[PDB]
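# Coordinate inspection notes
Chain by chain, the residues:
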Amino acid sequence: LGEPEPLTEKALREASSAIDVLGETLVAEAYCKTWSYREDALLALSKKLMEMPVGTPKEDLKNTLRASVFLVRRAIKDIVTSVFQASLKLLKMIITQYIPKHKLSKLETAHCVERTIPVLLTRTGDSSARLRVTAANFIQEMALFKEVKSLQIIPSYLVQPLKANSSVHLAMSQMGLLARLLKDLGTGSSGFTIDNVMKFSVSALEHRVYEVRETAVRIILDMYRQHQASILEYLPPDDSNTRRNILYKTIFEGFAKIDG
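### Some details on the overall build of the protein
- Per the secondary structure count, the protein includes 14 helices and 0 strands.
- Starting at the N terminus and ending at the C terminus, the protein contains elements arranged as α-α-α-α-α-α-α-α-α-α-α-α-α-α.
- If you line up the protein on its principal axes, its C-alpha atoms span 70 × 35 × 30 Å.
- With 260 residues in all, the protein has 46% of them scored as buried.
- Contacts in the protein between residues at least 24 apart in sequence constitute 66% of all its contacts with a sequence separation of at least 6.
- Entry remark: accessible area of the protein is about 14100 Å², with carbon and sulfur atoms responsible for 51%.
- Taking the 35 positively charged and 29 negatively charged side chains of the protein as two groups, their mean positions are separated by 2 Å.

Here is the structure:
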């Protein structure tokens, strides 16, 4: 049980503000090469956050939240599973317990979500299937927490178009999350719209990976079962020249199958 190594010059400037709020010891623990210290820092921070009394000044509560979110964000990228899992436990406590306990605003909730969800989505492209599932399940869990659901933030990340050079795992995970949360949250108040969903799905039909294109077809057909006529403007016209692309054939005779 030797002490954590010192922070590098780069880490020092990067974590400058967190050091003032949380102290150098805890930040050094979080940055060091010993996973059990990285884990302990997050669990210690978890204890510290919930022991802060109700009447604590709002600016101290917000600073502490912002410094903690800074550490959660880096720990979501951890190379050891236990540290990754401890960061999710901390993140959940901040959004679901700390914020409502101290009656903090929607801007704080939004800050937690905006700083962590994009980094968490990168972990849904991990090589480990068990890690992809843990990351995806947590995103689904946060998307349905009452305070986060109201902000409509998470659906907006899930409809962002798939990059050309995107991995097979990353693309499949995003599509899986889109389909599952679209069914749970629906259209209107959620942040999903016929507009952004179809825009995403039609764009995915040009992806290099067969399985990505195939899932886009499945989502388009599901949107036709629900919304019928209002999605047709997003697609090309139904005729035999369009049907010389094999995917659009499947879609349009798919539409024909769904009707009489």
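Moving on from the coordinates now.
### Some points on the nonpolar core
- Grouped together as the largest cluster of nonpolar side chains are 87 residues, with contacts concentrated most on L120, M142, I154, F192 and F255.
- If you tally residues by element for this core, the top one is helix α6 (residues 81-101), at 11 residues.
- Ignoring sequence-local partners within four residues, the contact set of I154 consists of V113, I117, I139, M142, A143, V148 and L181.

### A closer look at helix α14 (residues 246-258)
- The terminal C-alpha atoms of α14 lie 18 Å apart, and with 13 residues this matches the ideal 18 Å at 1.5 Å per residue to within 8%.
- Of the residues making up α14, those classed as buried are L247, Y248, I251, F252, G254 and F255. Down the axis of α14, the buried set is contained in an arc of 150°. They therefore lie on one face. Residues of α14 that are exposed and angled more than 90 degrees away from the buried face: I246 and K257.

### Looking at the UniProt feature "repeat: HEAT" in the protein
- Taking the UniProt record as the reference, the feature "repeat: HEAT" is found at residues 116-154 and 191-227.
- Between the C-alpha atoms that bound residues 116-154 the distance is 11 Å, and the span itself is 74% helix and 0% strand.
- Segment residues 191-227 splits into 78% helix and 0% strand. End C-alpha atoms: 16 Å apart.

### Looking at the pattern of salt bridges
- Scanning the model with the defined rule gives 8 salt bridges in all.
- When the shortest N-O distance is used, the salt bridge between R38 and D78 registers 2.7 Å. Separated by 40 residues along the polypeptide, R38 in helix α4 (residues 35-51) and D78 in the loop between α5 (58-75) and α6 bring together distant segments of the chain. Accessibility assignment for this pair places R38 and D78 in one class, buried.
- One continuous salt-bridge network, built from bridges that share partners, spans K183, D222 and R225.

### Examining helix α7 (residues 106-122)
- Compared with an ideal rise of 1.5 Å per residue, which puts 17 residues at 24 Å, α7 spans 25 Å between its outermost C-alpha atoms and is within 8% of the ideal.
- Buried within α7 we find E108, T109, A110, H111, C112, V113, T116, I117, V119, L120 and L121.
- Sitting at the amino-terminal end of α7 is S105, which places a side-chain oxygen 3.1 Å from the backbone nitrogen of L107.

### Brief notes about the environment of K149
- Mapped onto the fold, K149 is located in helix α9 (residues 146-149).
- Using a relative accessible area of 42% as the deciding quantity, one classes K149 as partly exposed.
- Residues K149 and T34 lie 115 residues apart in sequence; the distance between their C-alpha atoms is 36 Å.
- Ignoring anything within four residues of it in the chain, the contact list for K149 reads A143, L185 and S190.

### Thoughts on the packing of aromatic side chains
- A complete count under the given rule lists 3 aromatic pairs for this structure.
- Centroid distance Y224 to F255: 4.0 Å. Interplanar angle 20°. Geometry classified as stacked. Note that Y224 is positioned in helix α13 (residues 210-227) and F255 in helix α14, a separation of 31 residues in sequence. This pair shows no difference in class: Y224 is buried, exactly as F255 is.
- Taking the centre distance of 6.3 Å and the plane angle of 25° together, the rings of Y248 and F252 count as stacked. Separated by 4 residues within a single helix, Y248 and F252 lie in helix α14, roughly one turn from each other.
- Judged by relative accessible area, which is 4%, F252 ranks as buried.
- Through a chain of ring-to-ring contacts, three or more aromatic side chains come together here, namely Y224, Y248, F252 and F255.
- Here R123 stacks its cationic end above the ring of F84, 5.1 Å away from the centre of that ring.

Calculation rules
Residues numbered from 1 in each chain as written, not as in the entry; some residues may be left out. Heavy atoms only, no water. Helix = DSSP H or I, 4+ residues; strand = E, 2+ residues; numbered from the N terminus. Buried < 20%, exposed > 50% of the residue type's maximum accessible area, 1.4 Å probe, protein only. Contact = heavy atoms within 4.5 Å. Areas by Shrake-Rupley, 256 points an atom, 1.4 Å probe, with all protein chains shown as cover. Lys, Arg positive; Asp, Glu negative; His and termini not counted. Charge placed at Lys NZ, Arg CZ, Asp CG, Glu CD. Core = buried A, V, L, I, M, F, W, Y, C linked by side-chain atoms within 4.5 Å. Expected span 1.5 Å × (residues − 1). Arc of directions from axis to C-beta. UniProt positions renumbered as here; feature names shortened; annotations may be inferred. Salt bridge = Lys/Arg side-chain N within 4 Å of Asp/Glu carboxyl O. Polar contact = N/O pair within 3.5 Å; in protein donor to acceptor, adjacent residues only side chain to side chain. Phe/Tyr/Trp six-rings, centres within 6.5 Å; stacked < 30°, edge-to-face > 60°. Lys NZ or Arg CZ within 6 Å of the ring centre and 35° of its normal.

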